[PDB]
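Novice: Quick one: structure below, then a few questions.
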Amino acid sequence: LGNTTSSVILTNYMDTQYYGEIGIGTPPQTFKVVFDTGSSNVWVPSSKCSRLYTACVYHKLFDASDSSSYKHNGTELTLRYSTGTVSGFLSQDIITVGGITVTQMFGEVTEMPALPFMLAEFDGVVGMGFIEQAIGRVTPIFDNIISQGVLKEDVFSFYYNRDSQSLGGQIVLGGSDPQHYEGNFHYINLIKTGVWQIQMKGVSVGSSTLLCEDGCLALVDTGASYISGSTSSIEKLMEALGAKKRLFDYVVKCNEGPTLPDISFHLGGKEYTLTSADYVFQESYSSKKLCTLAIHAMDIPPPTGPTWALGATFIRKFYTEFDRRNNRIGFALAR
Ligand SMILES: CC(C)(C)OC(=O)N[C@@H]1CNC[C@H](C(=O)N(Cc2cccc(Cl)c2Cl)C2CC2)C1
Ligand SMILES: *[C@@H]1O[C@H](CO)[C@@H](O)[C@H](O)[C@H]1NC(C)=O
């Protein structure tokens, strides 16, 4: 253990995407990336991506021919995401993340489907998960940063702000920033190592524990935009809110959004409550317009799922600390 705590400033895009900058190669090629606790691989779009993938034409591409620090690998890599899929191959190069430089193995993506990557403001993803979830058993960037013995502590923490021209968010590698949280952290120990998943002991709509009464799983996913549950759990939840299912989202009439009940998540000791201002995209107060909720269905497949996922919707209210040393997640009220 060292005495270094570095931070990555994040950009908040529409309260759904939070991305910072990383630099790959010599000289550095910069990419906008999402720091994802629900995955463990690093990947950026490749120059080897065909121009027929319209997503590739609209994102920064890594070119190994312009990097003197590049080391070829070539092993195939397929990443099947709950939202889509990416294929490419592995490569090793020097990666800079908040003043920390690490030699890192990552995927050069050559197949990037338009839907959903034409909606991505970010170029790629920096997986903040454990080696146990890394496709091709590639050493994750945080495990490589830990190995340097440069960090003050074996933790990293997230701050995600409400959309505004202010700070979008922040990741602190090696600690937590007290300027973005109040009170003290309440920890919840991980069920098992290998996943950033904890036990949840009930989801309540208002006063009545409407779901997860006999306990259920909660994945603390910085890479997920919304709060997610199973199709059955979300169907029951939305019926309790009066929410009408559209194709991809759930909506309410804009005028009845501020009246919607509080939603609570029973984790560790505490009840983590979100008011309707925390989960409704309150775009108007019109009885003639529809307002989307920041909760959606996601049937995650085993071993990880079925599970709930506490994404950006949760992290905006609760500043989150991911402790690798003690295999726990700490929450504090964000500020
Ligand atoms: C099986 C395994 C590979 C581990 O599963 C996962 O990695 N599962 C991922 C877990 N974390 C959320 C990930 C995600 O959905 N996106 C996509 C995304 C989010 C918001 C907006 C857009 Cl446009 C997109 Cl594309 C990645 C950027 C983080 C899926
Ligand atoms: C790619 O990386 C892995 C990392 O463990 C290494 O063992 C393997 O030999 C590499 N493959 C090639 C083709 O260089």
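Naming works like this for the structure tokens: A, B, ... for the chains as they're shown, residue 1 at the start of each chain, ligands 1 onward in shown order.
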Could you list, as a PyMOL selection string, all protein and nucleic acid residues with an atom at most 12 Å from ligand 2, counting only C-alpha atoms and all ligand atoms?

Specialist: chain A and resi 71-77+89-92+104-107+135-140

Novice: Within 6 Å of ligand 1, which residues show up when you count only C-alpha atoms and all ligand atoms? List them as a list in words, please.

Specialist: residues 17, 34, 36, 38, 39, 79, 80, 81, 82, 83, 116, 117, 119, 120, 125, 133, 221, 223, 224 and 225 of chain A

Novice: Let me see the file: selected residues, C-alpha atoms, as a compact mmCIF listing (two decimals), in the first residue's frame.

Specialist:
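File produced: again_34.txt:
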```
# COMPACT_ATOMS: atom_id res chain seq x y z
CA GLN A 17 -24.46 7.85 -19.23
CA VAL A 34 -18.07 4.08 -18.80
CA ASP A 36 -18.76 -0.48 -15.08
CA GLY A 38 -21.20 -5.05 -13.51
CA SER A 39 -18.38 -6.17 -15.94
CA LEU A 79 -18.99 -9.88 -24.85
CA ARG A 80 -22.69 -10.63 -24.58
CA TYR A 81 -24.28 -7.69 -22.81
CA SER A 82 -27.88 -7.57 -21.48
CA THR A 83 -28.37 -4.54 -23.91
CA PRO A 116 -27.56 0.19 -29.00
CA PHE A 117 -24.09 1.73 -29.65
CA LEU A 119 -26.96 5.94 -28.64
CA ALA A 120 -23.66 5.70 -26.74
CA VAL A 125 -16.02 0.44 -21.19
CA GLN A 133 -16.38 -12.23 -14.51
CA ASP A 221 -23.92 -1.69 -11.14
CA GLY A 223 -22.63 0.75 -15.71
CA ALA A 224 -26.41 0.37 -15.59
CA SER A 225 -28.40 3.64 -16.29
```

Novice: Could you pull the residues within 12 Å of residue 6 (chain A), counting only C-alpha atoms, minus those fewer than 2 positions along the same chain, as a PDB file with N, CA and C atoms, in the first residue's frame?

Specialist:
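And here is the file that came out, out.pdb:
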```
ATOM      1  N   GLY A   2       0.488   2.227  -0.896  1.00  0.00           N
ATOM      2  CA  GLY A   2       1.106   3.540  -1.055  1.00  0.00           C
ATOM      3  C   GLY A   2       0.316   4.663  -0.406  1.00  0.00           C
ATOM      4  N   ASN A   3       0.473   5.894  -0.938  1.00  0.00           N
ATOM      5  CA  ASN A   3      -0.190   7.113  -0.440  1.00  0.00           C
ATOM      6  C   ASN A   3      -0.824   7.916  -1.611  1.00  0.00           C
ATOM      7  N   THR A   4      -1.384   7.208  -2.623  1.00  0.00           N
ATOM      8  CA  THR A   4      -1.985   7.849  -3.799  1.00  0.00           C
ATOM      9  C   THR A   4      -3.489   7.556  -3.888  1.00  0.00           C
ATOM     10  N   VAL A   8     -11.150  10.503 -11.306  1.00  0.00           N
ATOM     11  CA  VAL A   8     -11.499  10.669 -12.719  1.00  0.00           C
ATOM     12  C   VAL A   8     -12.762  11.492 -12.788  1.00  0.00           C
ATOM     13  N   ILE A   9     -12.718  12.639 -13.432  1.00  0.00           N
ATOM     14  CA  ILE A   9     -13.898  13.473 -13.574  1.00  0.00           C
ATOM     15  C   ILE A   9     -14.777  12.818 -14.635  1.00  0.00           C
ATOM     16  N   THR A  96      -3.703   5.114 -19.365  1.00  0.00           N
ATOM     17  CA  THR A  96      -3.687   6.153 -18.318  1.00  0.00           C
ATOM     18  C   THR A  96      -5.119   6.442 -17.851  1.00  0.00           C
ATOM     19  N   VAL A  97      -5.318   6.349 -16.526  1.00  0.00           N
ATOM     20  CA  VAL A  97      -6.570   6.608 -15.829  1.00  0.00           C
ATOM     21  C   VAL A  97      -6.266   7.419 -14.555  1.00  0.00           C
ATOM     22  N   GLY A  98      -6.566   8.709 -14.623  1.00  0.00           N
ATOM     23  CA  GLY A  98      -6.362   9.650 -13.528  1.00  0.00           C
ATOM     24  C   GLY A  98      -4.945   9.786 -13.018  1.00  0.00           C
ATOM     25  N   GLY A  99      -3.994   9.859 -13.931  1.00  0.00           N
ATOM     26  CA  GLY A  99      -2.598  10.002 -13.542  1.00  0.00           C
ATOM     27  C   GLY A  99      -1.902   8.709 -13.164  1.00  0.00           C
ATOM     28  N   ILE A 100      -2.633   7.574 -13.168  1.00  0.00           N
ATOM     29  CA  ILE A 100      -2.092   6.241 -12.919  1.00  0.00           C
ATOM     30  C   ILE A 100      -1.921   5.607 -14.298  1.00  0.00           C
ATOM     31  N   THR A 101      -0.740   5.046 -14.558  1.00  0.00           N
ATOM     32  CA  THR A 101      -0.371   4.388 -15.809  1.00  0.00           C
ATOM     33  C   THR A 101      -0.165   2.909 -15.508  1.00  0.00           C
ATOM     34  N   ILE A 145      -3.924  -2.103 -11.091  1.00  0.00           N
ATOM     35  CA  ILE A 145      -3.609  -0.880 -10.332  1.00  0.00           C
ATOM     36  C   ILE A 145      -3.214  -1.252  -8.870  1.00  0.00           C
ATOM     37  N   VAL A 150       0.450   1.459  -5.283  1.00  0.00           N
ATOM     38  CA  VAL A 150       0.450   2.918  -5.362  1.00  0.00           C
ATOM     39  C   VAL A 150      -0.773   3.526  -4.608  1.00  0.00           C
ATOM     40  N   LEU A 151      -1.877   2.766  -4.514  1.00  0.00           N
ATOM     41  CA  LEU A 151      -3.112   3.211  -3.871  1.00  0.00           C
ATOM     42  C   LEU A 151      -3.060   3.227  -2.352  1.00  0.00           C
ATOM     43  N   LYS A 152      -3.653   4.282  -1.744  1.00  0.00           N
ATOM     44  CA  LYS A 152      -3.751   4.479  -0.303  1.00  0.00           C
ATOM     45  C   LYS A 152      -4.539   3.318   0.307  1.00  0.00           C
ATOM     46  N   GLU A 153      -5.642   2.895  -0.345  1.00  0.00           N
ATOM     47  CA  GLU A 153      -6.504   1.786   0.079  1.00  0.00           C
ATOM     48  C   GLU A 153      -7.005   1.011  -1.152  1.00  0.00           C
ATOM     49  N   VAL A 155      -9.753   0.356  -2.460  1.00  0.00           N
ATOM     50  CA  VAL A 155     -11.144   0.736  -2.681  1.00  0.00           C
ATOM     51  C   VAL A 155     -11.210   1.701  -3.855  1.00  0.00           C
ATOM     52  N   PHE A 156     -12.421   1.885  -4.400  1.00  0.00           N
ATOM     53  CA  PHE A 156     -12.750   2.880  -5.406  1.00  0.00           C
ATOM     54  C   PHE A 156     -14.193   3.267  -5.153  1.00  0.00           C
ATOM     55  N   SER A 157     -14.507   4.542  -5.343  1.00  0.00           N
ATOM     56  CA  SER A 157     -15.849   5.001  -5.063  1.00  0.00           C
ATOM     57  C   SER A 157     -16.406   5.903  -6.144  1.00  0.00           C
ATOM     58  N   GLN A 170     -17.743  11.649 -10.426  1.00  0.00           N
ATOM     59  CA  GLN A 170     -16.352  11.412 -10.047  1.00  0.00           C
ATOM     60  C   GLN A 170     -16.128   9.979  -9.539  1.00  0.00           C
ATOM     61  N   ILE A 171     -14.989   9.398  -9.908  1.00  0.00           N
ATOM     62  CA  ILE A 171     -14.511   8.114  -9.413  1.00  0.00           C
ATOM     63  C   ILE A 171     -13.262   8.445  -8.681  1.00  0.00           C
ATOM     64  N   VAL A 172     -13.132   7.926  -7.469  1.00  0.00           N
ATOM     65  CA  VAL A 172     -11.905   8.097  -6.700  1.00  0.00           C
ATOM     66  C   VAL A 172     -11.344   6.708  -6.592  1.00  0.00           C
ATOM     67  N   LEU A 173     -10.096   6.521  -7.053  1.00  0.00           N
ATOM     68  CA  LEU A 173      -9.379   5.271  -7.000  1.00  0.00           C
ATOM     69  C   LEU A 173      -8.497   5.398  -5.782  1.00  0.00           C
ATOM     70  N   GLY A 174      -8.660   4.503  -4.831  1.00  0.00           N
ATOM     71  CA  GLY A 174      -7.825   4.518  -3.636  1.00  0.00           C
ATOM     72  C   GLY A 174      -8.456   5.082  -2.386  1.00  0.00           C
ATOM     73  N   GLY A 175      -9.717   5.535  -2.498  1.00  0.00           N
ATOM     74  CA  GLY A 175     -10.486   6.128  -1.397  1.00  0.00           C
ATOM     75  C   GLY A 175     -11.864   6.632  -1.769  1.00  0.00           C
ATOM     76  N   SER A 176     -12.340   7.657  -1.041  1.00  0.00           N
ATOM     77  CA  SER A 176     -13.628   8.339  -1.243  1.00  0.00           C
ATOM     78  C   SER A 176     -13.479   9.839  -0.975  1.00  0.00           C
ATOM     79  N   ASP A 177     -14.265  10.670  -1.684  1.00  0.00           N
ATOM     80  CA  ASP A 177     -14.203  12.128  -1.535  1.00  0.00           C
ATOM     81  C   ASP A 177     -15.315  12.581  -0.585  1.00  0.00           C
TER      82      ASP A 177
END
```

Novice: Please identify which residues in region 66-135 of chain A DSSP calls helix (DSSP H, G or I) from the backbone, and express them as a ChimeraX atom specification.

Specialist: /A:66,114-117,131-133,135

Novice: Given the selection you just returned, output its residues as a file containing N, CA, C and O atoms, formatted as a short mmCIF file (atom, residue, chain, number, x, y, z; two decimals), in the first residue's frame.

Specialist:
```cif
data_model
loop_
_atom_site.label_atom_id
_atom_site.label_comp_id
_atom_site.auth_asym_id
_atom_site.auth_seq_id
_atom_site.Cartn_x
_atom_site.Cartn_y
_atom_site.Cartn_z
N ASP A 66 -0.38 3.30 -34.64
CA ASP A 66 0.09 4.58 -34.12
C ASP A 66 0.60 4.51 -32.71
O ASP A 66 0.92 5.55 -32.15
N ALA A 114 -25.23 -1.09 -34.29
CA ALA A 114 -25.83 0.24 -34.30
C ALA A 114 -26.74 0.34 -33.12
O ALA A 114 -26.42 1.05 -32.19
N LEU A 115 -27.79 -0.48 -33.05
CA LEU A 115 -28.64 -0.48 -31.87
C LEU A 115 -27.98 -1.46 -30.90
O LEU A 115 -27.80 -2.60 -31.32
N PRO A 116 -27.42 -1.09 -29.73
CA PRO A 116 -27.56 0.19 -29.00
C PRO A 116 -26.42 1.24 -29.08
O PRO A 116 -26.58 2.36 -28.57
N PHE A 117 -25.27 0.88 -29.67
CA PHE A 117 -24.09 1.73 -29.65
C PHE A 117 -24.18 3.02 -30.48
O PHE A 117 -23.33 3.87 -30.31
N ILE A 131 -11.97 -10.51 -11.42
CA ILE A 131 -11.42 -11.41 -12.46
C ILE A 131 -12.39 -12.58 -12.82
O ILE A 131 -12.48 -12.95 -13.99
N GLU A 132 -13.15 -13.09 -11.84
CA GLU A 132 -14.14 -14.16 -11.97
C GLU A 132 -15.20 -13.91 -13.07
O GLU A 132 -15.80 -14.88 -13.56
N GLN A 133 -15.41 -12.61 -13.46
CA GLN A 133 -16.38 -12.23 -14.51
C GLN A 133 -15.70 -11.79 -15.81
O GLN A 133 -16.39 -11.52 -16.79
N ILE A 135 -14.12 -12.02 -19.22
CA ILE A 135 -14.18 -12.86 -20.41
C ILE A 135 -12.75 -13.08 -20.89
O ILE A 135 -12.00 -12.11 -21.04
#
```

Novice: Do a neighbour search on residue 289 (chain A) at 6 Å with only C-alpha atoms, toss out local chain neighbours closer than 3 positions, and write the hits as a ChimeraX atom specification.

Specialist: /A:253-254,286

Novice: Write a file of the just-selected residues containing C-alpha atoms, as a PDB file, in the first residue's frame.

Specialist:
```pdb
ATOM      1  CA  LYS A 253     -48.581  10.766 -17.154  1.00  0.00           C
ATOM      2  CA  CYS A 254     -46.289  13.740 -16.413  1.00  0.00           C
ATOM      3  CA  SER A 286     -48.618  18.091 -18.338  1.00  0.00           C
TER       4      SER A 286
END
```

Novice: Got a sec to tell me which of region 165-215 of chain A DSSP assigns to strand (DSSP E), as a VMD selection string?

Specialist: chain A and resid 169 to 173 181 to 189 197 to 205 208 to 211

Novice: Keeping only N, CA and C atoms, write the selected residues to a file as an mmCIF file, in the first residue's frame.

Specialist:
```cif
data_model
loop_
_atom_site.group_PDB
_atom_site.id
_atom_site.type_symbol
_atom_site.label_atom_id
_atom_site.label_comp_id
_atom_site.auth_asym_id
_atom_site.auth_seq_id
_atom_site.Cartn_x
_atom_site.Cartn_y
_atom_site.Cartn_z
ATOM 1 N N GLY A 169 -19.781 13.894 -12.455
ATOM 2 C CA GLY A 169 -19.576 12.822 -11.497
ATOM 3 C C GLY A 169 -18.101 12.656 -11.230
ATOM 4 N N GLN A 170 -17.743 11.649 -10.426
ATOM 5 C CA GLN A 170 -16.352 11.412 -10.047
ATOM 6 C C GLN A 170 -16.128 9.979 -9.539
ATOM 7 N N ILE A 171 -14.989 9.398 -9.908
ATOM 8 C CA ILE A 171 -14.511 8.114 -9.413
ATOM 9 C C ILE A 171 -13.262 8.445 -8.681
ATOM 10 N N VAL A 172 -13.132 7.926 -7.469
ATOM 11 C CA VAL A 172 -11.905 8.097 -6.700
ATOM 12 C C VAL A 172 -11.344 6.708 -6.592
ATOM 13 N N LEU A 173 -10.096 6.521 -7.053
ATOM 14 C CA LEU A 173 -9.379 5.271 -7.000
ATOM 15 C C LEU A 173 -8.497 5.398 -5.782
ATOM 16 N N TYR A 181 -20.274 13.295 -0.116
ATOM 17 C CA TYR A 181 -21.170 12.514 0.714
ATOM 18 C C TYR A 181 -21.295 13.121 2.103
ATOM 19 N N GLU A 182 -22.385 12.779 2.787
ATOM 20 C CA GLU A 182 -22.634 13.216 4.145
ATOM 21 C C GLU A 182 -22.992 12.041 5.039
ATOM 22 N N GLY A 183 -22.655 12.201 6.314
ATOM 23 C CA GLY A 183 -22.816 11.163 7.314
ATOM 24 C C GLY A 183 -21.660 10.198 7.171
ATOM 25 N N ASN A 184 -21.929 8.953 7.529
ATOM 26 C CA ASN A 184 -20.935 7.891 7.474
ATOM 27 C C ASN A 184 -21.439 6.771 6.619
ATOM 28 N N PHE A 185 -20.494 5.977 6.121
ATOM 29 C CA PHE A 185 -20.787 4.832 5.302
ATOM 30 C C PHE A 185 -21.344 3.719 6.149
ATOM 31 N N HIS A 186 -22.344 3.028 5.599
ATOM 32 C CA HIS A 186 -22.977 1.829 6.144
ATOM 33 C C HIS A 186 -22.633 0.746 5.128
ATOM 34 N N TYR A 187 -21.847 -0.277 5.547
ATOM 35 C CA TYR A 187 -21.410 -1.328 4.628
ATOM 36 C C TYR A 187 -22.341 -2.506 4.615
ATOM 37 N N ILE A 188 -22.329 -3.209 3.492
ATOM 38 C CA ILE A 188 -23.081 -4.425 3.242
ATOM 39 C C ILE A 188 -22.043 -5.333 2.616
ATOM 40 N N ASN A 189 -21.787 -6.465 3.262
ATOM 41 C CA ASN A 189 -20.787 -7.411 2.782
ATOM 42 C C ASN A 189 -21.319 -8.168 1.584
ATOM 43 N N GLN A 197 -22.225 -7.923 -5.799
ATOM 44 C CA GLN A 197 -23.607 -8.257 -5.458
ATOM 45 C C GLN A 197 -23.792 -8.462 -3.968
ATOM 46 N N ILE A 198 -24.851 -7.875 -3.427
ATOM 47 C CA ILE A 198 -25.182 -7.958 -2.011
ATOM 48 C C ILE A 198 -26.600 -8.529 -1.848
ATOM 49 N N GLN A 199 -26.979 -8.884 -0.607
ATOM 50 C CA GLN A 199 -28.305 -9.399 -0.273
ATOM 51 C C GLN A 199 -29.219 -8.217 -0.016
ATOM 52 N N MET A 200 -30.416 -8.253 -0.594
ATOM 53 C CA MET A 200 -31.466 -7.257 -0.390
ATOM 54 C C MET A 200 -32.632 -7.940 0.347
ATOM 55 N N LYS A 201 -33.111 -7.323 1.440
ATOM 56 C CA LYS A 201 -34.162 -7.903 2.271
ATOM 57 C C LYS A 201 -35.528 -7.222 2.140
ATOM 58 N N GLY A 202 -35.846 -6.721 0.947
ATOM 59 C CA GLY A 202 -37.170 -6.162 0.681
ATOM 60 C C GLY A 202 -37.240 -4.839 -0.045
ATOM 61 N N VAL A 203 -38.165 -4.747 -1.032
ATOM 62 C CA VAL A 203 -38.449 -3.554 -1.837
ATOM 63 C C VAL A 203 -39.853 -3.110 -1.456
ATOM 64 N N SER A 204 -39.987 -1.901 -0.928
ATOM 65 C CA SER A 204 -41.299 -1.425 -0.540
ATOM 66 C C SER A 204 -41.798 -0.241 -1.377
ATOM 67 N N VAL A 205 -43.078 -0.282 -1.772
ATOM 68 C CA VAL A 205 -43.726 0.814 -2.488
ATOM 69 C C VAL A 205 -44.556 1.598 -1.462
ATOM 70 N N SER A 208 -45.847 -0.294 2.549
ATOM 71 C CA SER A 208 -45.990 -1.741 2.448
ATOM 72 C C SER A 208 -44.909 -2.429 1.586
ATOM 73 N N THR A 209 -44.089 -3.355 2.213
ATOM 74 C CA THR A 209 -43.049 -4.205 1.586
ATOM 75 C C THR A 209 -43.762 -5.094 0.574
ATOM 76 N N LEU A 210 -43.946 -4.542 -0.617
ATOM 77 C CA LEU A 210 -44.656 -5.111 -1.745
ATOM 78 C C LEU A 210 -43.879 -6.229 -2.464
ATOM 79 N N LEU A 211 -42.516 -6.184 -2.455
ATOM 80 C CA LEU A 211 -41.673 -7.166 -3.144
ATOM 81 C C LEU A 211 -40.445 -7.550 -2.344
#
```

Novice: What's the 6 Å shell around residue 274 (chain A), counting only C-alpha atoms, without same-chain residues fewer than 2 positions away, as a list in words?

Specialist: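 Within the cut-off, the hits are residues 262, 263 and 278 of chain A.
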
Novice: From the set A:46, A:41, A:322, A:64, which residue has the shortest atom-to-atom contact distance to residue 141 (chain A), counting only C-alpha atoms?

Specialist: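 Smallest separation from residue 141 (chain A) among the options: A:41.
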
Novice: Would you pick out the contacts of residue 26 (chain A) at 7 Å or less, using only C-alpha atoms, so that residues sharing its chain but fewer than 3 positions from it are not included, and give the list as number ranges by chain?

Specialist: A: 67-69

Novice: Would you list the contacts of residue 294 (chain A) as a ChimeraX atom specification, taking every protein, DNA or RNA residue within 9 Å and counting only C-alpha atoms, but skipping same-chain residues closer than 5 positions in sequence?

Specialist: /A:16,225-228,249-250,278-281,312-313

Novice: Counting only C-alpha atoms, figure out which residue out of A:10, A:61, A:55, A:219 gets nearest to residue 30 (chain A).

Specialist: A:61

Novice: May I ask which of the residues A:180, A:324, A:335, A:60 is the closest one to residue 129 (chain A), counting only C-alpha atoms?

Specialist: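 Using only C-alpha atoms, the shortest distance to residue 129 (chain A) belongs to A:324.
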
Novice: Using only C-alpha atoms, which residue out of A:65, A:264, A:276, A:147 lies closest to residue 207 (chain A)?

Specialist: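 Among the listed residues, A:264 lies closest to residue 207 (chain A).
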